[PDB]
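One chain comes next, on its own, written as structure tokens: the form deposited in one PDB entry.
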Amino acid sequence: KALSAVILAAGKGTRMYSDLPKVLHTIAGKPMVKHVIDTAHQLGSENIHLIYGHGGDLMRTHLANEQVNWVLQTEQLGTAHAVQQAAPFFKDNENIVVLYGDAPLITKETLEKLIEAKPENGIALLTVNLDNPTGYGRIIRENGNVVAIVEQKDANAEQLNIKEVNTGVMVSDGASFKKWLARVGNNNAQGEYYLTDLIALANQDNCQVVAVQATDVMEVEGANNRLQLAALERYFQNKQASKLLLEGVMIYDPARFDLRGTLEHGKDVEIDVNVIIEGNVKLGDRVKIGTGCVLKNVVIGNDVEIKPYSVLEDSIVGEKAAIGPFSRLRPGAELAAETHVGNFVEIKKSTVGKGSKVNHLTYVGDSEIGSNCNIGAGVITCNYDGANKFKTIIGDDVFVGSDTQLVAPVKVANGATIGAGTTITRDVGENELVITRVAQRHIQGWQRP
């Protein structure tokens, strides 16, 4: 049958000490709630009902493009009340899964298992086994079915030893949710309407509740503060790193690797310690990434080595290129095959043709550079004190001597040669040599201090 999701996301998250609401804090660069939305989508959810409240404005701005039903809860009166806000939108004959925006690690595979276990007109309850279950509601099984969730304060001595505990994550049909949510009271020490009470109500109705255990305890773990969030982060990164390792990526130390987005990789890729991969990154075969590198939204071709402490964003790098160490590629940097970019070099919104080298102490911006060019140490593209900054066009087989300024807009044609220390303002023709004529004063017998 069909499926829709409810995600509880209304919390203030006081103990985060933040201007953000609780579920917008990021794990691997992505709000916690976004992980849960994505998981709900990948399960095949037809609708995703997002129960929100605190930080409403920020929720709407941060998640504006999410395919969710925005259900604004004016007061937090308990989890059952929250789910009930979405209930008018439940189809009677679809399944509904209830998830929490502050528990981002829940997997599709566990949730498929949960949904699969749900008996007709009944409930599948996600449980977890804890070594110290103190404080949590104990699962009571009779004849394979959950007959009660006994809270800490009610449990007898033997019940307290039960390690299996309620997570609050559950699946039932829309009709059953509508029926049972209407029967939830708030007669308890907290005066709240608890979703937990559906298990009792199902049992009252001679409907079956089946427990499904989460394989990994961390999967169902939520974060109430940034210490807990950091723990989820570490768990998440280690899981990501382990997957890549088993796919054949050499990650020198998986404890010092961060992926904040998606990585596409070839074979024999090597990633040294303290690399951060952000956004959408694609690495070809035999790419080597040295220590300290940051790659954000880049495509790297086969056989590229990126040497240590290089930072790349919104860039493309052709096969057999060599980058770094201490290289900076800014958005729109496009390096062709067999190119060389060296230390203390910055390339912004420029194309660099096959075989060209830019190896030291250089800024190239808003430029086209052709094939087999030699861009000397200290070369700088610049503009007049004007408005909008213009383009520098360098053809093929050009030599630009060290510490030369190229003043845009300017064109240097194929095969041109430019002496060291030159200021280029006028276009340079094909096979034109331009050398600066210096005037020097020479003083003999100048004794230094």
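Here, rigid core means the biggest group of C-alpha atoms that superpose within 1.5 Å across both forms. Numbering starts at 1 and runs along the sequence shown.
The same protein also has a form deposited in another entry, omitted here; what follows describes it.
For the residues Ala241, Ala337, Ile140, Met218, superposed on the rigid core between this form and the one not shown, a C-alpha shift of 2 angstroms or more shows up only at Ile140.
Once the rigid core is used as the reference frame, the Cα position of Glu264 differs between this form and the one not shown by less than 2 Å. Relative to the superposed rigid core, the position of the CA of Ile149 differs between this form and the one not shown by 2 Å or more. Relative to the superposed core, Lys178 undergoes a C-alpha shift smaller than 2 Å between this form and the one not shown.
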